[PDB]
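Chemist: Can you read through this structure? Questions will come right after.
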Amino acid sequence: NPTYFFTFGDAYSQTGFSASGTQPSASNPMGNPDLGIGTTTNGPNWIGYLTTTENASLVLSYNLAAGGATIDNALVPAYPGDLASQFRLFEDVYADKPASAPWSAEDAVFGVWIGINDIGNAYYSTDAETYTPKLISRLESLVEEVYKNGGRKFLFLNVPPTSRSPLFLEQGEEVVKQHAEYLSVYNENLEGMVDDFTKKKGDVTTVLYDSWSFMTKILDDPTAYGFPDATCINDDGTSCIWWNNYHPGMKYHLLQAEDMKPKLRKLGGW
């Protein structure tokens, strides 16, 4: 009795899963590519860890996340595979519960980690208080498409402190601050939307995972987590928090998946 874990997001979540590649099964829960390929971590990412390491029962991962994605290119644009396009791929291939993914309300979990790129691209050019409600409203309307398909279990990750990635640190402390302040408003509005959606529907099980606070704890005390500092980069994915200037490594992702596990029990696969 599997949990069907459909995920949507950006490079913090990408694995290179193709809808025409090998599909998930009990012997191969990621489907494609192999566990530990296709990420920005040098190994598994949080989804691979949640599916194969932190799972309490069989989890099948259908990971539609794409590098560089924003929520909708009609708002903050970047790459063709925005969140809207990932929801369209879901609608095209899995929404109708095909034999390859015969999911139901009781066994499907929809995970969304989006906003890093919307904020990264719009923090200095838009007003957070008036603009981030538009981003969040568009996220909500995409979630509503899955709800209309019969989805009832949802996992939302807030935006982590990319303000303190080496990429942003190099732009100066006032840019880190401008970005961080915008990000905080986005995360507040995300929480409000998740709360409002949960209450309005009444029949959904939702988890808002505060990645921001978790990563912030590690950035503030890196050596307590086995990292020598909060700024070094190492593409082995484990010597430093950062695998490259803007993406954390597999060690961070494992620590996050481990932190997530207890909070995901109510979703069925953990």
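Numbering starts fresh at 1 for the residues of each chain in the structure tokens, the chains themselves are lettered A, B, ... in the order given, and ligands are numbered from 1 as they appear.
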Can you check which residues of range 57-255 of chain A DSSP gives as alpha helix (DSSP H) on the backbone and send them as a short mmCIF file (atom, residue, chain, number, x, y, z; two decimals) with N, CA, C and O atoms, in the first residue's frame?

Modeler:
```
data_model
loop_
_atom_site.label_atom_id
_atom_site.label_comp_id
_atom_site.auth_asym_id
_atom_site.auth_seq_id
_atom_site.Cartn_x
_atom_site.Cartn_y
_atom_site.Cartn_z
N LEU A 83 6.41 26.47 -11.90
CA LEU A 83 5.50 25.63 -11.13
C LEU A 83 4.22 25.38 -11.90
O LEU A 83 3.71 24.24 -11.92
N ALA A 84 3.70 26.41 -12.60
CA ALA A 84 2.48 26.19 -13.38
C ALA A 84 2.67 25.04 -14.37
O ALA A 84 1.78 24.18 -14.52
N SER A 85 3.82 24.99 -15.05
CA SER A 85 4.08 23.94 -16.04
C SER A 85 4.22 22.58 -15.38
O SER A 85 3.88 21.55 -15.99
N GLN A 86 4.71 22.55 -14.14
CA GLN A 86 4.80 21.27 -13.43
C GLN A 86 3.42 20.75 -13.07
O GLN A 86 3.17 19.55 -13.18
N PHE A 87 2.52 21.65 -12.64
CA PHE A 87 1.14 21.26 -12.41
C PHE A 87 0.49 20.80 -13.70
O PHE A 87 -0.31 19.86 -13.67
N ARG A 88 0.86 21.41 -14.86
CA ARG A 88 0.29 20.96 -16.13
C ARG A 88 0.79 19.58 -16.49
O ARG A 88 0.01 18.76 -16.99
N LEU A 89 2.07 19.29 -16.23
CA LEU A 89 2.59 17.94 -16.45
C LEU A 89 1.84 16.95 -15.55
O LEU A 89 1.41 15.89 -16.01
N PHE A 90 1.60 17.32 -14.31
CA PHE A 90 0.78 16.45 -13.43
C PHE A 90 -0.62 16.23 -14.06
O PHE A 90 -1.07 15.08 -14.15
N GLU A 91 -1.25 17.33 -14.47
CA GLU A 91 -2.60 17.19 -15.03
C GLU A 91 -2.60 16.30 -16.27
O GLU A 91 -3.53 15.50 -16.47
N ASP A 92 -1.54 16.38 -17.08
CA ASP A 92 -1.46 15.61 -18.32
C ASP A 92 -1.25 14.13 -18.05
O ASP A 92 -1.74 13.28 -18.82
N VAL A 93 -0.45 13.77 -17.05
CA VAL A 93 0.05 12.40 -16.93
C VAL A 93 -0.55 11.66 -15.73
O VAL A 93 -0.83 10.45 -15.84
N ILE A 116 12.00 30.28 -3.79
CA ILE A 116 13.43 30.71 -3.80
C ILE A 116 13.70 31.62 -5.01
O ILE A 116 14.31 32.68 -4.82
N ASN A 117 13.26 31.21 -6.18
CA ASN A 117 13.60 31.98 -7.41
C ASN A 117 12.68 33.18 -7.60
O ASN A 117 13.14 34.17 -8.16
N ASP A 118 11.43 33.07 -7.18
CA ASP A 118 10.57 34.24 -7.27
C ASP A 118 11.14 35.37 -6.44
O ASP A 118 11.26 36.51 -6.91
N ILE A 119 11.53 35.05 -5.19
CA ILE A 119 12.15 36.05 -4.33
C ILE A 119 13.50 36.46 -4.85
O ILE A 119 13.83 37.66 -4.91
N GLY A 120 14.30 35.51 -5.31
CA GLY A 120 15.66 35.84 -5.78
C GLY A 120 15.63 36.79 -6.97
O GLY A 120 16.55 37.58 -7.11
N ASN A 121 14.58 36.71 -7.76
CA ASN A 121 14.49 37.54 -8.95
C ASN A 121 13.70 38.81 -8.75
O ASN A 121 13.86 39.73 -9.56
N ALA A 122 12.88 38.92 -7.70
CA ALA A 122 11.98 40.06 -7.59
C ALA A 122 12.14 40.85 -6.30
O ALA A 122 11.41 41.83 -6.11
N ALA A 128 7.08 43.76 -1.43
CA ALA A 128 6.72 42.45 -0.85
C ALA A 128 5.28 42.41 -0.35
O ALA A 128 4.58 41.43 -0.61
N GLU A 129 4.86 43.46 0.35
CA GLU A 129 3.51 43.42 0.96
C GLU A 129 2.39 43.31 -0.09
O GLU A 129 1.41 42.66 0.21
N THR A 130 2.55 43.94 -1.26
CA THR A 130 1.48 43.92 -2.29
C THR A 130 1.75 42.84 -3.32
O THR A 130 0.79 42.33 -3.89
N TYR A 131 3.01 42.50 -3.53
CA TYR A 131 3.34 41.53 -4.61
C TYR A 131 3.35 40.10 -4.11
O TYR A 131 2.88 39.24 -4.84
N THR A 132 3.86 39.86 -2.90
CA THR A 132 3.90 38.43 -2.56
C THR A 132 2.50 37.83 -2.40
O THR A 132 2.36 36.64 -2.69
N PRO A 133 1.42 38.55 -2.05
CA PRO A 133 0.06 37.94 -2.09
C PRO A 133 -0.29 37.46 -3.50
O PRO A 133 -1.04 36.47 -3.61
N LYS A 134 0.22 38.12 -4.54
CA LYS A 134 -0.11 37.64 -5.88
C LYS A 134 0.57 36.32 -6.16
O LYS A 134 -0.04 35.42 -6.79
N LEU A 135 1.85 36.18 -5.76
CA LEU A 135 2.55 34.91 -5.92
C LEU A 135 1.82 33.82 -5.15
O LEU A 135 1.65 32.70 -5.64
N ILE A 136 1.49 34.11 -3.89
CA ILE A 136 0.87 33.10 -3.03
C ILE A 136 -0.52 32.74 -3.55
O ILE A 136 -0.93 31.58 -3.47
N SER A 137 -1.27 33.72 -4.09
CA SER A 137 -2.58 33.42 -4.65
C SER A 137 -2.44 32.49 -5.85
O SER A 137 -3.28 31.59 -6.06
N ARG A 138 -1.38 32.69 -6.65
CA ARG A 138 -1.21 31.82 -7.80
C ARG A 138 -0.80 30.41 -7.36
O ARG A 138 -1.30 29.41 -7.89
N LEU A 139 0.05 30.32 -6.34
CA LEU A 139 0.34 29.01 -5.75
C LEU A 139 -0.96 28.34 -5.30
O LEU A 139 -1.19 27.15 -5.57
N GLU A 140 -1.82 29.09 -4.60
CA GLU A 140 -3.06 28.51 -4.11
C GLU A 140 -3.93 28.01 -5.25
O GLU A 140 -4.54 26.93 -5.12
N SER A 141 -4.02 28.75 -6.35
CA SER A 141 -4.86 28.29 -7.45
C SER A 141 -4.29 27.04 -8.13
O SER A 141 -5.07 26.17 -8.61
N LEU A 142 -2.95 26.88 -8.15
CA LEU A 142 -2.40 25.63 -8.66
C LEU A 142 -2.76 24.47 -7.72
O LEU A 142 -3.17 23.39 -8.17
N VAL A 143 -2.65 24.71 -6.42
CA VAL A 143 -3.03 23.67 -5.42
C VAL A 143 -4.50 23.28 -5.63
O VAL A 143 -4.83 22.11 -5.50
N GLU A 144 -5.30 24.28 -5.98
CA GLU A 144 -6.71 23.98 -6.17
C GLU A 144 -6.94 23.02 -7.33
O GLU A 144 -7.92 22.25 -7.31
N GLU A 145 -6.08 23.07 -8.36
CA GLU A 145 -6.22 22.09 -9.44
C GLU A 145 -6.08 20.65 -8.92
O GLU A 145 -6.87 19.75 -9.29
N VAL A 146 -5.11 20.40 -8.06
CA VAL A 146 -4.90 19.03 -7.52
C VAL A 146 -6.08 18.69 -6.59
O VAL A 146 -6.52 17.55 -6.57
N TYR A 147 -6.53 19.68 -5.83
CA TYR A 147 -7.69 19.44 -4.94
C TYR A 147 -8.89 18.99 -5.79
O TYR A 147 -9.59 18.06 -5.39
N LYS A 148 -9.09 19.63 -6.94
CA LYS A 148 -10.20 19.25 -7.80
C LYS A 148 -10.02 17.84 -8.35
O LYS A 148 -11.01 17.13 -8.59
N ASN A 149 -8.77 17.39 -8.46
CA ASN A 149 -8.49 16.01 -8.93
C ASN A 149 -8.75 14.98 -7.82
O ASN A 149 -8.78 13.80 -8.14
N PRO A 166 26.30 31.78 -0.26
CA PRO A 166 27.41 32.57 -0.77
C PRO A 166 27.04 33.52 -1.91
O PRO A 166 27.58 34.62 -1.98
N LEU A 167 26.14 33.08 -2.78
CA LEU A 167 25.71 33.93 -3.93
C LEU A 167 25.20 35.30 -3.45
O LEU A 167 25.50 36.30 -4.09
N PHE A 168 24.43 35.31 -2.38
CA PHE A 168 23.85 36.58 -1.89
C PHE A 168 24.83 37.31 -0.95
O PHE A 168 24.90 38.52 -0.97
N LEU A 169 25.56 36.54 -0.15
CA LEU A 169 26.54 37.16 0.78
C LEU A 169 27.50 38.05 -0.02
O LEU A 169 27.80 39.15 0.45
N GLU A 173 26.02 43.10 2.58
CA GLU A 173 25.11 42.82 3.68
C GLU A 173 23.76 43.52 3.50
O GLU A 173 22.75 43.01 4.00
N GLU A 174 23.72 44.67 2.81
CA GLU A 174 22.42 45.37 2.67
C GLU A 174 21.52 44.60 1.67
O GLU A 174 20.31 44.69 1.81
N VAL A 175 22.14 43.91 0.71
CA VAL A 175 21.35 43.08 -0.26
C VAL A 175 20.86 41.83 0.48
O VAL A 175 19.70 41.46 0.32
N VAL A 176 21.73 41.23 1.27
CA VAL A 176 21.28 40.08 2.11
C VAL A 176 20.04 40.54 2.90
O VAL A 176 19.06 39.81 2.93
N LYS A 177 20.11 41.74 3.49
CA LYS A 177 19.00 42.23 4.34
C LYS A 177 17.74 42.50 3.49
O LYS A 177 16.66 42.11 3.91
N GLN A 178 17.91 43.15 2.35
CA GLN A 178 16.75 43.47 1.50
C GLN A 178 16.07 42.17 1.07
O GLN A 178 14.85 42.08 1.15
N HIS A 179 16.89 41.22 0.67
CA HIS A 179 16.35 39.91 0.24
C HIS A 179 15.66 39.20 1.42
O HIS A 179 14.55 38.73 1.30
N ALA A 180 16.35 39.19 2.55
CA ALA A 180 15.81 38.48 3.73
C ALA A 180 14.47 39.08 4.17
O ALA A 180 13.59 38.34 4.58
N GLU A 181 14.38 40.41 4.15
CA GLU A 181 13.14 41.07 4.62
C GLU A 181 11.97 40.72 3.68
O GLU A 181 10.87 40.51 4.15
N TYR A 182 12.25 40.70 2.38
CA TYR A 182 11.20 40.33 1.40
C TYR A 182 10.80 38.87 1.64
O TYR A 182 9.62 38.56 1.68
N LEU A 183 11.81 38.02 1.77
CA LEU A 183 11.57 36.60 1.98
C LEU A 183 10.69 36.39 3.21
O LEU A 183 9.79 35.54 3.19
N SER A 184 10.95 37.12 4.28
CA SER A 184 10.14 36.94 5.48
C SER A 184 8.68 37.23 5.20
O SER A 184 7.80 36.51 5.70
N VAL A 185 8.37 38.22 4.39
CA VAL A 185 6.96 38.57 4.08
C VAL A 185 6.35 37.44 3.24
O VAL A 185 5.21 37.04 3.51
N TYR A 186 7.10 36.98 2.25
CA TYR A 186 6.63 35.84 1.47
C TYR A 186 6.29 34.66 2.39
O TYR A 186 5.22 34.06 2.27
N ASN A 187 7.20 34.33 3.31
CA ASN A 187 6.96 33.14 4.14
C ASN A 187 5.75 33.36 5.06
O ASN A 187 4.98 32.41 5.31
N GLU A 188 5.56 34.60 5.55
CA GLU A 188 4.38 34.88 6.37
C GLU A 188 3.11 34.68 5.55
O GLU A 188 2.13 34.07 6.02
N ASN A 189 3.11 35.17 4.32
CA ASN A 189 1.91 35.01 3.51
C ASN A 189 1.69 33.56 3.09
O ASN A 189 0.53 33.15 2.96
N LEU A 190 2.76 32.79 2.87
CA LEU A 190 2.62 31.36 2.61
C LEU A 190 1.94 30.69 3.78
O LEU A 190 1.02 29.87 3.60
N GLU A 191 2.40 30.98 5.01
CA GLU A 191 1.78 30.35 6.17
C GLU A 191 0.31 30.73 6.25
O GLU A 191 -0.54 29.88 6.54
N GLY A 192 -0.02 32.00 6.00
CA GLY A 192 -1.41 32.40 6.05
C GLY A 192 -2.26 31.65 5.04
O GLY A 192 -3.39 31.26 5.34
N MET A 193 -1.73 31.45 3.83
CA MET A 193 -2.48 30.75 2.80
C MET A 193 -2.70 29.30 3.20
O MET A 193 -3.80 28.76 3.05
N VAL A 194 -1.65 28.64 3.69
CA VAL A 194 -1.80 27.24 4.07
C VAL A 194 -2.83 27.12 5.18
O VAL A 194 -3.68 26.21 5.15
N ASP A 195 -2.79 28.04 6.15
CA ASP A 195 -3.78 27.97 7.23
C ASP A 195 -5.19 28.19 6.68
O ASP A 195 -6.14 27.46 7.04
N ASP A 196 -5.34 29.21 5.82
CA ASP A 196 -6.67 29.53 5.29
C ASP A 196 -7.21 28.39 4.42
O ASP A 196 -8.39 28.04 4.52
N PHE A 197 -6.34 27.82 3.60
CA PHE A 197 -6.75 26.69 2.74
C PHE A 197 -7.20 25.53 3.63
O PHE A 197 -8.24 24.94 3.38
N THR A 198 -6.38 25.21 4.63
CA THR A 198 -6.71 24.08 5.49
C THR A 198 -8.07 24.28 6.14
O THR A 198 -8.89 23.35 6.18
N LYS A 199 -8.31 25.48 6.68
CA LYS A 199 -9.57 25.72 7.38
C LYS A 199 -10.75 25.73 6.41
O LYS A 199 -11.82 25.17 6.72
N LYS A 200 -10.58 26.36 5.24
CA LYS A 200 -11.67 26.51 4.28
C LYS A 200 -12.10 25.15 3.72
O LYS A 200 -13.30 24.86 3.65
N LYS A 201 -11.14 24.29 3.38
CA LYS A 201 -11.51 23.00 2.81
C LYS A 201 -12.08 22.07 3.85
O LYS A 201 -13.08 21.36 3.60
N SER A 211 11.44 25.25 6.84
CA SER A 211 12.85 25.03 6.45
C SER A 211 13.68 26.25 6.83
O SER A 211 14.88 26.12 7.08
N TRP A 212 13.03 27.40 6.85
CA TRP A 212 13.78 28.61 7.12
C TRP A 212 14.41 28.53 8.51
O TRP A 212 15.62 28.77 8.67
N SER A 213 13.62 28.18 9.51
CA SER A 213 14.18 28.12 10.85
C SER A 213 15.21 27.00 10.97
O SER A 213 16.19 27.15 11.73
N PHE A 214 15.00 25.90 10.28
CA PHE A 214 15.93 24.76 10.46
C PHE A 214 17.30 25.11 9.88
O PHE A 214 18.33 24.95 10.53
N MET A 215 17.29 25.57 8.63
CA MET A 215 18.58 25.95 8.01
C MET A 215 19.22 27.09 8.83
O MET A 215 20.43 27.08 9.00
N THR A 216 18.39 28.03 9.26
CA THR A 216 18.95 29.15 10.03
C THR A 216 19.68 28.65 11.26
O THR A 216 20.78 29.15 11.56
N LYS A 217 19.14 27.62 11.93
CA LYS A 217 19.84 27.05 13.09
C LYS A 217 21.22 26.54 12.70
O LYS A 217 22.22 26.73 13.44
N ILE A 218 21.31 25.88 11.56
CA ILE A 218 22.61 25.32 11.13
C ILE A 218 23.55 26.47 10.73
O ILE A 218 24.70 26.45 11.13
N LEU A 219 23.04 27.42 9.95
CA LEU A 219 23.90 28.55 9.56
C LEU A 219 24.43 29.30 10.79
O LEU A 219 25.56 29.82 10.77
N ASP A 220 23.62 29.38 11.84
CA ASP A 220 24.02 30.11 13.05
C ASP A 220 24.97 29.31 13.92
O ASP A 220 25.68 29.92 14.74
N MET A 250 24.21 17.28 0.12
CA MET A 250 23.42 16.11 0.54
C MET A 250 23.37 15.99 2.08
O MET A 250 22.37 15.53 2.59
N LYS A 251 24.45 16.39 2.75
CA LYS A 251 24.45 16.31 4.23
C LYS A 251 23.34 17.21 4.79
O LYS A 251 22.58 16.77 5.64
N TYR A 252 23.27 18.45 4.31
CA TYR A 252 22.19 19.36 4.75
C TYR A 252 20.82 18.73 4.44
O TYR A 252 19.93 18.74 5.27
N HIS A 253 20.69 18.22 3.22
CA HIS A 253 19.38 17.66 2.80
C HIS A 253 18.97 16.48 3.69
O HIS A 253 17.80 16.30 3.98
N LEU A 254 19.94 15.67 4.08
CA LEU A 254 19.65 14.53 4.99
C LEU A 254 19.22 15.06 6.36
O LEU A 254 18.23 14.59 6.91
N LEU A 255 19.96 16.04 6.87
CA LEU A 255 19.59 16.63 8.17
C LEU A 255 18.17 17.22 8.07
O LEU A 255 17.39 17.06 9.00
#
```

Chemist: Step one, run DSSP on the backbone; step two, keep only residues of range 15-247 of chain A assigned to strand (DSSP E or B); then write them as a ChimeraX atom specification.

Modeler: /A:25,28,59-63,108-113,153-157,205-209,233,242-244,247

Chemist: What is the distance, in Å and to one decimal place, between CA of residue 101 in chain A and CA of residue 47 in chain A?

Modeler: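 Rounded to one decimal, the two atoms are 17.7 Å apart.
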
Chemist: To one decimal in Å, tell me the separation between CA of residue 55 in chain A and CA of residue 269 in chain A.

Modeler: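 According to the coordinates, CA of residue 55 in chain A and CA of residue 269 in chain A are separated by 5.7 Å.
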
Chemist: Figure out the distance between CA of residue 103 in chain A and CA of residue 68 in chain A, please, to one decimal in Å.

Modeler: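 Going from CA of residue 68 in chain A over to CA of residue 103 in chain A covers 28.3 Å.
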
Chemist: Taking 2 positions as the minimum chain separation for residues in the same chain, which residues sit within 8 Å of residue 247 in chain A when counting only C-alpha atoms? Answer as a list in words.

Modeler: residues 11, 12, 40, 41, 165, 242, 243, 244, 245 and 249 of chain A

Chemist: Dump C-alpha atoms for the selected residues as a PDB file, in the first residue's frame?

Modeler:
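So result25.pdb came out as:
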```
ATOM      1  CA  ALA A  11      16.577  23.036  -8.029  1.00  0.00           C
ATOM      2  CA  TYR A  12      16.386  22.437  -4.248  1.00  0.00           C
ATOM      3  CA  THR A  40      22.099  19.879  -6.720  1.00  0.00           C
ATOM      4  CA  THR A  41      23.557  18.064  -3.680  1.00  0.00           C
ATOM      5  CA  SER A 165      23.929  31.549   0.481  1.00  0.00           C
ATOM      6  CA  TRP A 242      26.897  24.519   0.331  1.00  0.00           C
ATOM      7  CA  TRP A 243      27.340  22.266  -2.667  1.00  0.00           C
ATOM      8  CA  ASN A 244      27.660  25.320  -4.909  1.00  0.00           C
ATOM      9  CA  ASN A 245      27.119  29.075  -4.237  1.00  0.00           C
ATOM     10  CA  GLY A 249      24.621  19.630  -0.202  1.00  0.00           C
TER      11      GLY A 249
END
```

Chemist: Could you list, as a PyMOL selection string, every residue within 12 Å of residue 262 in chain A, counting only C-alpha atoms and ignoring same-chain residues fewer than 2 positions away?

Modeler: chain A and resi 50+54-56+207+209+256-260+264-270

Chemist: Neighbours of range 151-155 of chain A within 6 Å (only C-alpha atoms; same-chain residues fewer than 3 positions away dropped), as an mmCIF file with N, CA and C atoms, in the first residue's frame?

Modeler:
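Everything below was put into selection-v4.cif:
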```
data_model
loop_
_atom_site.group_PDB
_atom_site.id
_atom_site.type_symbol
_atom_site.label_atom_id
_atom_site.label_comp_id
_atom_site.auth_asym_id
_atom_site.auth_seq_id
_atom_site.Cartn_x
_atom_site.Cartn_y
_atom_site.Cartn_z
ATOM 1 N N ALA A 105 -7.297 9.953 -2.487
ATOM 2 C CA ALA A 105 -7.145 10.999 -1.459
ATOM 3 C C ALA A 105 -6.381 10.467 -0.255
ATOM 4 N N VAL A 109 0.296 12.276 -1.501
ATOM 5 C CA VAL A 109 0.831 13.462 -0.790
ATOM 6 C C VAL A 109 1.441 14.379 -1.854
ATOM 7 N N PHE A 110 1.019 15.638 -1.822
ATOM 8 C CA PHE A 110 1.507 16.648 -2.790
ATOM 9 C C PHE A 110 2.438 17.621 -2.065
ATOM 10 N N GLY A 111 3.714 17.555 -2.427
ATOM 11 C CA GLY A 111 4.729 18.401 -1.791
ATOM 12 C C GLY A 111 5.174 19.520 -2.708
ATOM 13 N N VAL A 146 -5.109 20.404 -8.062
ATOM 14 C CA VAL A 146 -4.903 19.031 -7.520
ATOM 15 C C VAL A 146 -6.080 18.688 -6.586
ATOM 16 N N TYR A 147 -6.531 19.675 -5.833
ATOM 17 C CA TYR A 147 -7.694 19.442 -4.945
ATOM 18 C C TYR A 147 -8.888 18.986 -5.792
ATOM 19 N N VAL A 204 -8.746 18.420 4.442
ATOM 20 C CA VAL A 204 -7.344 18.255 3.984
ATOM 21 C C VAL A 204 -6.395 18.065 5.174
ATOM 22 N N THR A 205 -5.300 17.364 4.935
ATOM 23 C CA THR A 205 -4.258 17.191 5.948
ATOM 24 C C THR A 205 -3.072 17.954 5.409
ATOM 25 N N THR A 206 -2.628 18.976 6.132
ATOM 26 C CA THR A 206 -1.550 19.824 5.602
ATOM 27 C C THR A 206 -0.400 19.950 6.572
ATOM 28 N N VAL A 207 0.796 20.097 6.019
ATOM 29 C CA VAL A 207 1.995 20.352 6.847
ATOM 30 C C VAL A 207 2.738 21.540 6.233
#
```

Chemist: Taking only C-alpha atoms into account, which of A:28, A:1, A:158, A:42 comes nearest residue 236 in chain A?

Modeler: A:42
